[PDB]
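Only one chain is included here, represented as structure tokens and corresponding to the form deposited in one PDB entry.
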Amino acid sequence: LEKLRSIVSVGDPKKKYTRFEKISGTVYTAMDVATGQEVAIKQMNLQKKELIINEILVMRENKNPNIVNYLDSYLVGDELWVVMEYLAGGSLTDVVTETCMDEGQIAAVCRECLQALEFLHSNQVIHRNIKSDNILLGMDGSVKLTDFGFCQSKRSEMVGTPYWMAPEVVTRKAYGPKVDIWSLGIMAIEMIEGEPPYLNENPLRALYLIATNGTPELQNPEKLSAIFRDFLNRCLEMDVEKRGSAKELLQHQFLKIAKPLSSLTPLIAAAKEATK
């Protein structure tokens, strides 16, 4: 608990933040009273402690501009408050479902996600859940990853479809950083198709297809540019050794058609207007 006292901040967070709106514990949106910065606050009743504290410690040291970044934490009575930056642009999922992203906007998102993965993979972190729900957007078009850990019963039934998982993860083989690269390729296909790859398809059937067919089938490849399809083929190489690393793919030609991140801002406005 003395290390818990080494991470918590001095202050009453009820005084430093206002406009608490509710949206492993509850999640509020709030606003820094002194600067007006929007924040997201997660509240957790401590009474698997030791993991929570270790994670807080590694978050605060390994900041990165393409990761939803920790701000502070507070010991509030019996519960721990963890304060993150709030990204008000919403999730990539909303953008993907309400707009048709062009390849330039896709390349931009892919570059930003690959920068995050290079950072994480250099510190030996595996995200394991690279997918559109876990990509948050800022109102200036920033792109940041969320919902992963810095630090699954065979008897249980599958809910729902794990469409983002690499073949080596579905076969429950030990796996490494390249599973994120597979997931990113799936997400790029989702962006251009407007839907996750496996709908109308049962989870166990999807599991078998991921394991057997592997490199996912896309509708009408002739819709894609040759360089986008090459990029997808580098990401979705069933052979792990051949599959590109984050560092290698940051060099890929497809990323050089990326539009400025401001090009994402009209997509955000369109998504917000549609919901509702």
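We call the rigid core the largest set of C-alpha positions that still match within 1.5 Å between the two forms. Numbers for residues come from their place in the sequence shown, where the first is 1.
The same protein also exists as the form deposited in another entry; that form is not shown, yet it is the one meant from here on.
In the overlay on the core between this form and the one not shown, a shift of 2 Å or more in CA position is seen for a single residue of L249, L236, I56, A40, which is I56.
The Cα shift for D78 between this form and the one not shown, taken after rigid core superposition, is 2 angstroms or larger. Core-superposed comparison between this form and the one not shown: the CA of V8 exceeds or equals a 2 Å shift.
With the core held fixed between this form and the one not shown, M158 has its Cα displaced by at least 2 Å.
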